[PDB]
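Here is the structure we will look at.
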Amino acid sequence: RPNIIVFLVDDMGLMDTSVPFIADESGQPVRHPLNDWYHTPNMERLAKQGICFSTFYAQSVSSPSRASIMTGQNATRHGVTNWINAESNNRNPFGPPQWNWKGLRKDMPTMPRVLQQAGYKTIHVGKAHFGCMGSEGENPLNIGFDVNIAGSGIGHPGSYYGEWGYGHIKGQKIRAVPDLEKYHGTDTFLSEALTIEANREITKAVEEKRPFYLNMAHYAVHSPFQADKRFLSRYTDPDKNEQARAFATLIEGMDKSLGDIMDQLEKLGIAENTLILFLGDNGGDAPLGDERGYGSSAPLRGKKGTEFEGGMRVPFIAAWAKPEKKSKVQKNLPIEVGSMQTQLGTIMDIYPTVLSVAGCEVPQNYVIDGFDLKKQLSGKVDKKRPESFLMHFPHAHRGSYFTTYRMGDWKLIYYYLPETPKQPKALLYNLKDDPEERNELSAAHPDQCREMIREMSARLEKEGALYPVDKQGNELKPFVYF
Ligand SMILES: CC(=O)N[C@@H]1[C@@H](O)[C@@H](OS(=O)(=O)O)[C@@H](CO)O[C@H]1O
Ligand SMILES: [Ca+2]
């Protein structure tokens with residue numbers, strides 16, 4: 001039975017790496033300027049041994065994505081449609097009153113809980129953000145983890161600096177990272193402290209002779225953008241401000257962590273037995289350019305928390321830590337080494353892919369929104385899964401009170417506009433012809449737009465979505481307004 005590592009980077013979009021995730025018309029990687037700015041040599045090492053997905057969808061912000069990864073359910077269905085504010089219910093003015101602020105529940109068959117039931121040692125390290133303060137989900141031990149280092153209801157760290165006690169000595173006390181007291185006062189960067197702790201848990205799992213699931217959930221690369229002195233000297237582009245250079249150092253330190261975990265697997269002799277899934281949790285938050293133009297994920301439009309592709313396009317790499325044709329466990333999930341997969345995947349697809357390789361099954365009667373990636377991981381187009389992603393955000397952020405719906409080449413953006421709830425607005429893009437969202441064409445294809453609204457409307461109902469409300473609590477369902 002294989003070990004599984006989900007290496008999840010906070011606020012890391014598809015361009016925040018030296019690995020090119022943009023595909024040309026031949027399905028081959030194309031280098032863009034951000035790929036020559038970031039330095040992720042261990043991601044390059046992992047891409048050499050595995051498969052990159054060029055189109056991989058997450059939700060637009062943290063808790064919705066982290067809920068979706070744990071449950072295999074869309075944010076419509078698990079109900080965590082906003083990032084969770086630990087201290088108070090952040091519905092936002094027009095948010096659904098019954099949205100799942102409390103978060104993941106002790107009774108949910110989460111990926112870790114199903115693995116734990118099967119005898120896996122399940123380890124959580126770093127950012128959890130599965131529940132509010134005082135909730136079941138605040139504590140990863142309540143949703144199927146045997147071990148939690150540094151996870152709580154917090155969604156970012158009080159500091160990256162060990163000298164600042166990660167918030168306990170200096171910085172934001174109410175976001176102080178827990179469980180790392182032995183690093184306080186030292187010059188150990190938060191991302192380094194988490195790596196040391198993860199490698200200690202991996203070592204302990206191997207000596208106990210149990211297969212493990214490691215949720216390596218970095219606080220990197222979320223603000224505050226506090227530069228790592230180990231890497232800052234490499235970042236000197238005159239058109240990148242101090243914040244962007246700090247962000248680049250959080251990326252490079254994240255990549256060092258990935259390398260130290262891969263080295264530890266090789267040192268223990270278990271690399272042949274360990275699957276690594278690498279992704280970000282939502283659209284990239286790099287402090288570059290213009291938030292609703294081109295910057296954080298150029299050449300794609302937008303940023304973390306927007307309705308654009310930059311809001312929800314994350315990097316995704318799957319690789320055996322040491323590929324080996326002889327390996328029994330690798331025959332259950334063969335990966336085309338050094339290749340790019342251009343067919344769409346989503347964070348809901350992780351649940352069914354991991355449970356199958358682990359020798360478990362998706363519980364037959366548990367309704368999921370994910371598809372086993374086995375066929376796509378071999379480097380083939382999988383006709384058993386749709387080219388579709390539905391990103392429901394009935395809350396306030398860089399974009400507000402919207403649903404996006406992608407079906408094949410087409411993307412609908414529906415704005416509920418709760419302040420003028422009788423006059424909603426729909427936009428239409430052809431992402432095949434216009435991947436940078438430059439050519440809004442609802443006026444030119446009014447029937448494609450009408451059809452997408454009906455399909456999206458039916459899918460929101462099928463998934464049990466909670467809708468935004470107007471000032472007086474009237475439920476705002478999408479409708480063909482024209
Ligand atoms: C504009 C922006 O990005 N705001 C983020 C918010 O989205 C959330 O981050 S999130 O990664 O959890 O979604 C929160 C976590 O405490 O931190 C804020 O700074
Ligand atoms: Ca995030």
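Labels used: A, B, ... for chains in the order of the structure tokens, numbers from 1 for residues in each chain, and numbers from 1 for ligands as shown.
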Can you list, as a ChimeraX atom specification, every protein, DNA or RNA residue that comes within 8 Å of residue 374 (chain A) when you count only C-alpha atoms, leaving out same-chain residues fewer than 5 positions away?
/A:333-334,353
Atoms kept (C-alpha atoms) for selection, written as a CSV table (one decimal), in the first residue's frame:
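Result file out.csv:
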chain,number,residue,atom,x,y,z
A,333,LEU,CA,-1.4,4.3,-11.1
A,334,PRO,CA,1.0,4.6,-14.0
A,353,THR,CA,-7.8,9.3,-7.1
Go through the chains and note each residue within 8 Å of ligand 2, using only C-alpha atoms and all ligand atoms, then give the set as a PyMOL selection string.
chain A and resi 9-12+61-63+155+222+280-283+304
Output file for the residues above (N, CA, C and O atoms, as a JSON list (two decimals), in the first residue's frame):
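Heads up, here's the output in selection_22.json:
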[["chain", "number", "residue", "atom", "x", "y", "z"],
["A", 9, "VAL", "N", 0.14, 24.32, -1.46],
["A", 9, "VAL", "CA", 0.72, 25.69, -1.25],
["A", 9, "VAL", "C", -0.40, 26.71, -1.23],
["A", 9, "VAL", "O", -1.24, 26.76, -2.15],
["A", 10, "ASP", "N", -0.43, 27.50, -0.16],
["A", 10, "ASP", "CA", -1.45, 28.56, 0.00],
["A", 10, "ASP", "C", -1.19, 29.68, -1.01],
["A", 10, "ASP", "O", -0.03, 30.24, -1.03],
["A", 11, "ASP", "N", -2.22, 30.05, -1.78],
["A", 11, "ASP", "CA", -2.24, 31.31, -2.58],
["A", 11, "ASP", "C", -1.22, 31.23, -3.72],
["A", 11, "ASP", "O", -0.78, 32.27, -4.18],
["A", 12, "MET", "N", -0.92, 30.02, -4.18],
["A", 12, "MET", "CA", 0.05, 29.73, -5.25],
["A", 12, "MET", "C", -0.70, 29.39, -6.53],
["A", 12, "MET", "O", -1.35, 28.31, -6.57],
["A", 61, "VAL", "N", -10.97, 31.06, -3.10],
["A", 61, "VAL", "CA", -10.32, 31.34, -1.78],
["A", 61, "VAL", "C", -10.20, 30.03, -0.96],
["A", 61, "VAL", "O", -10.67, 28.98, -1.43],
["A", 62, "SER", "N", -9.63, 30.12, 0.24],
["A", 62, "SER", "CA", -8.94, 29.02, 0.96],
["A", 62, "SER", "C", -9.90, 27.93, 1.44],
["A", 62, "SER", "O", -9.79, 26.82, 0.94],
["A", 63, "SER", "N", -10.73, 28.21, 2.44],
["A", 63, "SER", "CA", -11.57, 27.18, 3.10],
["A", 63, "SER", "C", -12.43, 26.44, 2.08],
["A", 63, "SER", "O", -12.57, 25.23, 2.18],
["A", 155, "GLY", "N", -6.15, 31.17, 9.03],
["A", 155, "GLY", "CA", -6.00, 31.09, 7.57],
["A", 155, "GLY", "C", -4.71, 31.71, 7.08],
["A", 155, "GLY", "O", -4.50, 31.69, 5.85],
["A", 222, "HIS", "N", 1.10, 32.82, 1.59],
["A", 222, "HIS", "CA", 0.12, 33.85, 2.01],
["A", 222, "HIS", "C", 0.86, 35.05, 2.60],
["A", 222, "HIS", "O", 1.91, 34.82, 3.27],
["A", 280, "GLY", "N", -1.62, 24.30, -5.59],
["A", 280, "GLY", "CA", -2.06, 25.47, -4.81],
["A", 280, "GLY", "C", -3.52, 25.36, -4.43],
["A", 280, "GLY", "O", -4.24, 24.53, -5.05],
["A", 281, "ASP", "N", -3.97, 26.14, -3.45],
["A", 281, "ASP", "CA", -5.33, 26.01, -2.88],
["A", 281, "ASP", "C", -6.32, 26.96, -3.58],
["A", 281, "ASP", "O", -7.52, 26.75, -3.44],
["A", 282, "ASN", "N", -5.85, 27.98, -4.29],
["A", 282, "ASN", "CA", -6.73, 28.95, -4.99],
["A", 282, "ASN", "C", -5.87, 29.75, -5.95],
["A", 282, "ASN", "O", -4.64, 29.53, -5.97],
["A", 283, "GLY", "N", -6.48, 30.64, -6.71],
["A", 283, "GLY", "CA", -5.73, 31.52, -7.62],
["A", 283, "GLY", "C", -4.58, 32.21, -6.90],
["A", 283, "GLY", "O", -4.66, 32.45, -5.65],
["A", 304, "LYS", "N", -6.25, 35.76, -7.16],
["A", 304, "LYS", "CA", -6.98, 35.21, -5.99],
["A", 304, "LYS", "C", -8.25, 36.03, -5.71],
["A", 304, "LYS", "O", -8.17, 37.27, -5.53]]
Fewer than 2 positions away in the same chain doesn't count, so skip those; otherwise give me all residues within 9 Å of residue 31 (chain A), counting only C-alpha atoms, as a list in words.
residues 18, 19, 20, 21, 22, 29, 33, 34, 35 and 36 of chain A
Within 9 Å of region 432-445 of chain A, which residues of region 201-305 of chain A come that close, and what is the closest atom pair and distance in Å for each? Count only C-alpha atoms and give it as a tab-separated table.
residue	atom	partner	partner_atom	distance
A:294	CA	A:436	CA	8.7
A:298	CA	A:436	CA	8.4
A:299	CA	A:436	CA	6.4
A:300	CA	A:436	CA	4.7
A:301	CA	A:436	CA	5.5
Write out as a ChimeraX atom specification each polymer residue (protein, DNA or RNA) that has an atom no more than 10 Å from ligand 1, with only C-alpha atoms and all ligand atoms counted.
/A:10-12,59-66,82-86,127-129,153-158,175,219,221-224,281-285,303-306,396-398
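Between CA of residue 7 (chain A) and CA of residue 233 (chain A) lies a distance of 26.2 Å.
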Hey, what does DSSP flag as alpha helix (DSSP H) within region 288-444 of chain A? Can you give it to me as a PyMOL selection string?
chain A and resi 328-331+350-357+374-377
Output file for the selection above: N, CA, C and O atoms, as a short mmCIF file (atom, residue, chain, number, x, y, z; two decimals), in the first residue's frame:
data_model
loop_
_atom_site.label_atom_id
_atom_site.label_comp_id
_atom_site.auth_asym_id
_atom_site.auth_seq_id
_atom_site.Cartn_x
_atom_site.Cartn_y
_atom_site.Cartn_z
N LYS A 328 5.05 -2.62 -7.76
CA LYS A 328 3.68 -3.19 -7.74
C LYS A 328 2.69 -2.03 -7.63
O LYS A 328 1.85 -1.93 -8.51
N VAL A 329 2.84 -1.17 -6.61
CA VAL A 329 1.91 -0.04 -6.30
C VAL A 329 1.83 0.93 -7.48
O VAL A 329 0.75 1.51 -7.70
N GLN A 330 2.91 1.09 -8.24
CA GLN A 330 2.95 2.05 -9.38
C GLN A 330 2.10 1.52 -10.53
O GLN A 330 1.59 2.35 -11.31
N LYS A 331 1.91 0.20 -10.63
CA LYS A 331 1.07 -0.46 -11.67
C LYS A 331 -0.42 -0.12 -11.48
O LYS A 331 -1.13 -0.11 -12.48
N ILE A 350 -9.16 14.84 -6.46
CA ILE A 350 -8.08 14.29 -5.61
C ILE A 350 -8.67 13.14 -4.78
O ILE A 350 -8.01 12.09 -4.78
N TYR A 351 -9.85 13.32 -4.15
CA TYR A 351 -10.52 12.35 -3.22
C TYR A 351 -10.58 10.98 -3.89
O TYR A 351 -9.98 10.01 -3.41
N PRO A 352 -11.30 10.82 -5.02
CA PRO A 352 -11.45 9.50 -5.65
C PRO A 352 -10.11 8.91 -6.16
O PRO A 352 -9.93 7.69 -6.11
N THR A 353 -9.18 9.76 -6.61
CA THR A 353 -7.85 9.31 -7.10
C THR A 353 -7.03 8.72 -5.95
O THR A 353 -6.46 7.64 -6.12
N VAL A 354 -6.97 9.41 -4.82
CA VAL A 354 -6.15 8.95 -3.65
C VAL A 354 -6.79 7.69 -3.06
O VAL A 354 -6.04 6.76 -2.69
N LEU A 355 -8.11 7.65 -2.89
CA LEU A 355 -8.72 6.50 -2.17
C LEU A 355 -8.50 5.24 -3.01
O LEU A 355 -8.24 4.15 -2.43
N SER A 356 -8.57 5.36 -4.32
CA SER A 356 -8.40 4.19 -5.21
C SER A 356 -6.95 3.70 -5.13
O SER A 356 -6.73 2.50 -4.95
N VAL A 357 -5.97 4.59 -5.23
CA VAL A 357 -4.56 4.10 -5.26
C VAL A 357 -4.24 3.49 -3.90
O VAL A 357 -3.37 2.60 -3.81
N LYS A 374 -6.98 8.61 -12.77
CA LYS A 374 -6.07 7.53 -13.25
C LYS A 374 -5.84 7.64 -14.76
O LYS A 374 -4.68 7.64 -15.16
N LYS A 375 -6.89 7.75 -15.58
CA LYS A 375 -6.76 7.80 -17.06
C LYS A 375 -5.95 9.04 -17.47
O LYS A 375 -5.00 8.90 -18.25
N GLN A 376 -6.28 10.22 -16.93
CA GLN A 376 -5.53 11.47 -17.24
C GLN A 376 -4.07 11.39 -16.79
O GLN A 376 -3.20 11.95 -17.48
N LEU A 377 -3.79 10.73 -15.67
CA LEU A 377 -2.42 10.59 -15.11
C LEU A 377 -1.55 9.75 -16.05
O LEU A 377 -0.34 9.98 -16.06
#
Of the candidates A:162, A:408, A:259, A:363, which one gets nearest to residue 228 (chain A) if we count only C-alpha atoms?
A:162
Got a sec: who's within 10 Å of residue 386 (chain A), counting only C-alpha atoms, leaving out chain neighbours fewer than 6 positions off, as a VMD selection string?
chain A and resid 343 to 345 371 407 to 408
Nearest-residue call for residue 141 (chain A), choices A:124, A:287, A:70, A:210, using only C-alpha atoms:
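Checking each of A:124, A:287, A:70, A:210 against residue 141 (chain A), counting only C-alpha atoms, the winner is A:124.
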My list of candidates is A:207, A:431, A:256, A:126. Which is closest to residue 180 (chain A) when distances are computed with only C-alpha atoms?
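Residue with the minimum atom-to-atom distance to residue 180 (chain A): A:126.
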Once DSSP has gone over the backbone, tell me which residues of region 184-340 of chain A are in strand (DSSP E or B), as an MDAnalysis selection string.
chainID A and resid 189 212:218 274:280 294 301 313 316:320 339:340
Using the selection just defined, write its residues with N, CA, C and O atoms as a compact mmCIF listing (two decimals), in the first residue's frame.
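Here's the written file out.txt:
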# COMPACT_ATOMS: atom_id res chain seq x y z
N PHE A 189 12.93 29.79 9.57
CA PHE A 189 11.77 30.33 8.82
C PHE A 189 10.60 29.35 9.00
O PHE A 189 10.83 28.13 9.10
N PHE A 212 1.45 5.96 5.31
CA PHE A 212 0.99 7.27 5.79
C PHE A 212 0.36 8.09 4.66
O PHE A 212 0.62 7.85 3.44
N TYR A 213 -0.52 8.98 5.10
CA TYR A 213 -1.07 10.12 4.32
C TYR A 213 -0.53 11.37 5.03
O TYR A 213 -0.79 11.51 6.22
N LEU A 214 0.22 12.21 4.31
CA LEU A 214 0.74 13.50 4.83
C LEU A 214 0.05 14.60 4.04
O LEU A 214 0.12 14.58 2.81
N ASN A 215 -0.65 15.45 4.77
CA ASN A 215 -1.23 16.72 4.29
C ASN A 215 -0.19 17.79 4.62
O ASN A 215 -0.15 18.25 5.77
N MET A 216 0.72 18.06 3.67
CA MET A 216 1.79 19.08 3.85
C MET A 216 1.23 20.40 3.33
O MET A 216 1.33 20.67 2.11
N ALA A 217 0.54 21.11 4.21
CA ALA A 217 -0.23 22.34 3.90
C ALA A 217 0.58 23.55 4.38
O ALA A 217 0.41 23.94 5.53
N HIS A 218 1.43 24.10 3.52
CA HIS A 218 2.26 25.29 3.84
C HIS A 218 1.40 26.52 4.16
O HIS A 218 0.32 26.73 3.56
N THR A 274 5.91 6.04 -2.67
CA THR A 274 5.27 7.31 -2.22
C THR A 274 4.81 8.12 -3.42
O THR A 274 5.66 8.53 -4.21
N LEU A 275 3.50 8.37 -3.52
CA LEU A 275 2.87 9.28 -4.50
C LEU A 275 2.86 10.71 -3.92
O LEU A 275 2.51 10.88 -2.71
N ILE A 276 3.23 11.69 -4.74
CA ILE A 276 3.21 13.12 -4.36
C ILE A 276 2.22 13.83 -5.28
O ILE A 276 2.39 13.78 -6.51
N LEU A 277 1.23 14.50 -4.69
CA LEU A 277 0.33 15.41 -5.43
C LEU A 277 0.62 16.85 -4.96
O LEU A 277 0.52 17.13 -3.75
N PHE A 278 0.96 17.71 -5.91
CA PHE A 278 1.45 19.08 -5.67
C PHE A 278 0.42 20.03 -6.29
O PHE A 278 0.10 19.89 -7.48
N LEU A 279 -0.10 20.97 -5.50
CA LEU A 279 -1.00 22.02 -6.03
C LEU A 279 -1.02 23.23 -5.09
O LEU A 279 -0.44 23.16 -3.99
N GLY A 280 -1.62 24.30 -5.59
CA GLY A 280 -2.06 25.47 -4.81
C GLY A 280 -3.52 25.36 -4.43
O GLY A 280 -4.24 24.53 -5.05
N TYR A 294 -3.98 42.07 -15.73
CA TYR A 294 -2.89 41.08 -15.89
C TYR A 294 -1.82 41.41 -14.84
O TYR A 294 -1.53 42.59 -14.60
N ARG A 301 -5.88 36.38 -16.85
CA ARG A 301 -6.49 37.55 -16.19
C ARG A 301 -6.74 37.27 -14.69
O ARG A 301 -7.14 36.15 -14.33
N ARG A 313 -7.08 29.08 -11.16
CA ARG A 313 -6.13 28.18 -11.90
C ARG A 313 -4.86 27.93 -11.09
O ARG A 313 -4.07 28.88 -10.92
N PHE A 316 -0.62 21.90 -10.80
CA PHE A 316 -0.87 20.51 -10.37
C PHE A 316 0.19 19.61 -10.99
O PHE A 316 0.29 19.60 -12.24
N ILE A 317 0.93 18.89 -10.15
CA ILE A 317 1.92 17.87 -10.60
C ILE A 317 1.60 16.60 -9.81
O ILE A 317 1.43 16.69 -8.58
N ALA A 318 1.51 15.46 -10.49
CA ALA A 318 1.44 14.13 -9.86
C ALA A 318 2.68 13.36 -10.31
O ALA A 318 2.93 13.31 -11.55
N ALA A 319 3.37 12.74 -9.35
CA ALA A 319 4.59 11.94 -9.58
C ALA A 319 4.77 10.94 -8.44
O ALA A 319 4.63 11.33 -7.24
N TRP A 320 5.18 9.72 -8.80
CA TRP A 320 5.89 8.83 -7.85
C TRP A 320 7.23 9.50 -7.51
O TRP A 320 7.84 10.08 -8.41
N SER A 339 5.52 14.70 -18.81
CA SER A 339 4.50 15.03 -19.84
C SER A 339 3.56 16.10 -19.29
O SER A 339 3.63 16.42 -18.09
N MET A 340 2.72 16.66 -20.17
CA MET A 340 1.68 17.65 -19.82
C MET A 340 0.32 17.06 -20.19
O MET A 340 0.18 16.51 -21.32
